[PDB]
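Novice: In their complex positions, the first chains:
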Amino acid sequence: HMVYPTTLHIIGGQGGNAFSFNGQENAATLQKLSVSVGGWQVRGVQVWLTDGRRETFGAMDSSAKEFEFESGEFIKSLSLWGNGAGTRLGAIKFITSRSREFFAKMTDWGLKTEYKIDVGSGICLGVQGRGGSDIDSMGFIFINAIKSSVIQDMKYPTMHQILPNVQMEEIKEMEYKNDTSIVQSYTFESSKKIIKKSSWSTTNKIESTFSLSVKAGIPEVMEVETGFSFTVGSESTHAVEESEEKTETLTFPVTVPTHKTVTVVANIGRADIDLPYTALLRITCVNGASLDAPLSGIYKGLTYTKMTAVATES
């Protein structure tokens, strides 16, 4: 018993030359459809995907009726009609997740048997069928009902060759003046609110179409003896665009020699991070089949080091 990540039910005749306009390999999906109608057939379709690809099948006159999907709008239901003879595609009807309707039909011959299509998830990867002068046959490729959409195998392939730009900023300054002849001891304390940020760029509307999560560690900064290095922290699950608020702290004892002053300044390092990334988008269906698409882009991040301090005697 085999299961599949996509579903395709083609309708019409046996004529024409095979065509396939599929955004499967990069998770590109149907953005816009334009349909031209003849007397006894669908004459042509123009189809746009979310990655910019645009293709025409059959032929397009100016009876052309269009529909552009909104971001996050999917297909609730779809019906295809043959032309009655069983030799052409006769009509296309769909209704979206937002109740918007699109209907393109034969002008001359009336419609006959209506095939109601299982749309799976309603997320369409494009179309497949046969065409020449007309659309002999066509179906819509759908991803079956989705269980999860996770970006994983996260890599920062240039991180190992780049140094962090860490800018220091002062947080607090305090002075202790010992004008006695007994050593003194105080406790210094300081805190700072910080907001860390992580963004993975996405394309082809995958952020609005799929509920994305990212299983990965994020770029952090490590202070070593020589300077600063990039590492990647513990793996966890993230939104594609995320921020984390936190309070950093620092405390230590300060010993103040007899007849001396010590001045303490607390600082933190802040790094804007801009790095290319590679990962894979795995879409896993309810049925257990899956779809992988390689991803490439830019990680933008904001991070901080731990707080430090300089104590100087005067």
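Specialist: Done, it's in. Numbers count the residues shown, from 1 in each chain, chains lettered A, B, ... in the order given.
Novice: Tell me the secondary structure of the closest residue to residue A:189 other than its chain neighbours, please.
Specialist: Spatial nearest neighbour of residue A:189, excluding adjacent residues (CB to CB, 6 or more residues apart in numbering): residue A:251 at 4.5 Å. C-beta: built from backbone N, CA, C; applies to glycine. Applying DSSP: H, G, I helix; E, B strand; the rest coil to residue A:251 yields a three-state assignment of strand.
Novice: which residue lies farthest from the center of chain A?
Specialist: In chain A, the residue that sits farthest from the middle, by CA atoms, centre = their mean, is residue A:181; the gap is 65.3 Å.
Novice: Chain neighbours aside, what residue packs nearest to that one?
Specialist: Closest to residue A:181 by CB to CB, 6+ apart is residue A:258, at 4.9 Å.
Novice: gap between the residue nearest to residue A:189 and residue A:264?
Specialist: Per CB to CB, to the nearest Å, residue A:251 is found 11 Å from residue A:264.
Novice: Quickly list what's touching both of these two.
Specialist: residue A:188 (CB atoms under 8 Å, 6 or more residues apart in numbering).
Novice: Of those two, which one has the most company?
Specialist: Shown here are residue A:251 and residue A:264; by other CB atoms under 10 Å, residue A:264 has more neighbours (19 against 12).
Novice: ok, residue A:191 - how many residues close by?
Specialist: 13.
Novice: Isn't the residue farthest from the centre of chain A up against residue A:257?
Specialist: No: between residue A:181 and residue A:257 no contact is recorded; they are 10.2 Å apart, counting by CB atoms under 8 Å.
Novice: Dihedrals phi and psi, residue A:208?
Specialist: Phi and psi for residue A:208, reported as degrees, to the nearest 10, are phi -90, psi -30.
Novice: swap that for residue A:209, please
Specialist: phi -80, psi -40.
Novice: what do you get for residue A:44?
Specialist: phi -150, psi 150.
Novice: can you pull the contacts of it?
Specialist: Residue A:44 neighbours (CB under 8 Å, 6+ apart): A:35-36, A:56-61, A:64, A:131, A:134-135.
Novice: Need the nearest residue in space to it, chain neighbours excluded.
Specialist: Per CB to CB, 6+ apart, closest to residue A:44 is residue A:58, 3.6 Å.
Novice: Was I right to think that neighbour contacts residue A:127?
Specialist: No: using CB under 8 Å, residue A:58 and residue A:127 do not qualify as a contacting pair, with a distance of 11.3 Å.
Novice: Pull up the overlap in contacts between those two.
Specialist: residue A:45.
Novice: Give me the more crowded residue out of those two.
Specialist: residue A:58 (26 against 23).
Novice: Would you mind measuring from the more buried one to residue A:43?
Specialist: 5 Å.
Novice: Could you do residue A:287 as well?
Specialist: 36 Å.
Novice: Which neighbours do residue A:58 and residue A:43 have in common?
Specialist: A:36, A:133-135.
Novice: Longest strand in chain A, please.
Specialist: strand A:260-285 (DSSP state E).
Novice: How is chain A divided into domains?
Specialist: A:5-146, A:147-314 (curated CATH domains).
Novice: looking at the ones you listed, which is buried most?
Specialist: Ranked by mean neighbour count, the domains of chain A are led by domain A:5-146 with a mean of 18 (mean count of other CB atoms under 10 Å).
Novice: and chain B on top of that:
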Amino acid sequence: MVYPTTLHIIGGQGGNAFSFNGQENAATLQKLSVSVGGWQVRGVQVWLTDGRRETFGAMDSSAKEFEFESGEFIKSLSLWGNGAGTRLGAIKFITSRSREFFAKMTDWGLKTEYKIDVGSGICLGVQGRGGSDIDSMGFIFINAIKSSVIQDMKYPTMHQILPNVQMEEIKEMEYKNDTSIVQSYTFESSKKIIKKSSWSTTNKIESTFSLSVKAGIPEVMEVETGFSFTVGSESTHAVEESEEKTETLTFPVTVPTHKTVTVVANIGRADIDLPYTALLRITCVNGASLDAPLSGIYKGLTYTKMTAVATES
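Specialist: Adding chain B to what we have so far:
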């Protein structure tokens, strides 16, 4: 013994005591204006983030002011006596964004600069003594902060208002059985949903502190009467949070001979708008703490699980 605030008052012995402090509601210093004479600080006017405003001593045309930006705190502060040590003589501070404010006496020698421990740099107000002039003053600071957590979350009107669950359709399919025996099919559906939670805050606590909320979310729950609100499992949240997920439905469809069953997948969506009360707790690095009661509105968006109506023709 340890305290959640630190206060060091500089100046003379004279005048009447004042304390102008946002501790009880975690309101902080928004703005300060200071008037100076020849041998003293003449007056201060202070505004907190909850709209309170008060003046001590006397204000005149000499006055110079400083208004804090959101998220700006104090990095360093010095105060000087007047060098007779009868009055406050000067105030100086530098912020977390390196803006400076200095106001002093016009004559006279400033003598010993007292460099002040500003704790966390988050100022709750001022305290000192004043008559005609500012005899003495200090700034009240929260000591260094370890955490800032909103807890004991309650929704008091929750049991008294009924959810408004609007239903949406997700998927329709038709199963026609033109055969002489019963047929069985699998129907599957999925939908991306965005859940949202939002606890209102005031007095800039959201930009001064890094807030987290330890609490359950209002959710919708099913009974025979229909739908009521309930509070979910407890976890840690940001004040303003969204959670993306994919809801799914799978069930078998049985179609009698020469019958059609039409299956519509739906989901229920509820906007929530409820009053809340809670406690802001600020815990210091030193182990002390500061509690402030909170009130506001919780806004939310939640979803029921997916369901399906199967209708026999």
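Novice: let's see the neighbour count of residue A:191 again after adding chain B.
Specialist: 27 (other CB atoms under 10 Å in any protein chain shown).
Novice: Show the contacting residues for it.
Specialist: Residues in contact with residue A:191 (CB atoms under 8 Å, 6 or more residues apart in numbering or on different chains) are A:247-250, B:120, B:144-146, B:285.
Novice: Am I right that it is in a helix?
Specialist: No: counting by three-state DSSP, residue A:191 is not part of a helix but strand.
Novice: Does residue A:165 touch residue A:271 like I think?
Specialist: Yes: contact criterion CB under 8 Å: residue A:165 and residue A:271 qualify, at 6.2 Å.
Novice: Show me which residues of the stretch 51-200 of chain A are close to chain B?
Specialist: Residues of the stretch 51-200 of chain A lying close to chain B (CB under 8 Å from any CB of the partner chain) are A:72, A:76-77, A:95, A:97, A:99, A:116, A:118-122, A:144-149, A:169-175, A:189-195.
Novice: so of those residues, which ones are in strands?
Specialist: Applying DSSP E to those, the entries found in strands are A:76-77, A:95, A:116, A:146-149, A:169-175, A:189-195.
Novice: Wait, residue A:88 touches residue A:39, no?
Specialist: No: using CB under 8 Å, residue A:88 makes no contact with residue A:39, being 10.3 Å away.
Novice: Which parts of the stretch 101-250 of chain A are strands?
Specialist: All strands of the stretch 101-250 of chain A, identified by DSSP state E, counting those that start in this stretch, fall at A:101-105, A:114-117, A:123-131, A:135-143, A:146-155, A:166-178, A:184-200, A:213-216, A:219-223, A:228-232, A:236-238, A:241-256.
Novice: Identify the neighbouring strands of the shortest one in the sheet and state each direction.
Specialist: Just to be clear, that refers to strand A:236-238. Using DSSP bridges, strand A:236-238 pairs in its sheet with strand A:213-216 (antiparallel).
Novice: can you list contacts of the strand it pairs with?
Specialist: Identification of contacts with strand A:213-216 by CB under 8 Å, 6+ apart yields A:148-152, A:154, A:200, A:232, A:235-240, A:279, B:244.
Novice: how about 10 Å then?
Specialist: If you take CB atoms under 10 Å, 6 or more residues apart in numbering or on different chains as the criterion, strand A:213-216 is touched by A:148-156, A:198, A:200, A:202, A:232-233, A:235-242, A:277, A:279, A:281-282, A:299, B:243-246.
Novice: Distance from the chain centre to that strand, please.
Specialist: The chain centroid and the centroid of strand A:213-216 are separated by 10 Å under CA atoms, centre = their mean, to the nearest Å.
Novice: same thing with stretch A:56-76?
Specialist: 24 Å.
Novice: Ok, stretch A:302-314 next?
Specialist: That offset, for stretch A:302-314, works out to 37 Å (CA atoms, centre = their mean).
Novice: With stretch A:228-236 instead?
Specialist: Distance, centroid of stretch A:228-236 to centroid of chain: 21 Å (CA atoms, centre = their mean).
Novice: cool, stretch A:84-91 as well?
Specialist: For stretch A:84-91, the distance to the chain centre is 39 Å (CA atoms, centre = their mean).
Novice: what's that stretch in contact with?
Specialist: A:10-16, A:35, A:37-38, A:40-43, A:45, A:58, A:79-83, A:103-106, A:109-114, A:129-131, A:134-139.
Novice: rewinding a little: shared neighbours, residue A:165 and residue A:271?
Specialist: Listed as contacting both residue A:165 and residue A:271 by CB under 10 Å, 6+ apart are A:221, A:228.
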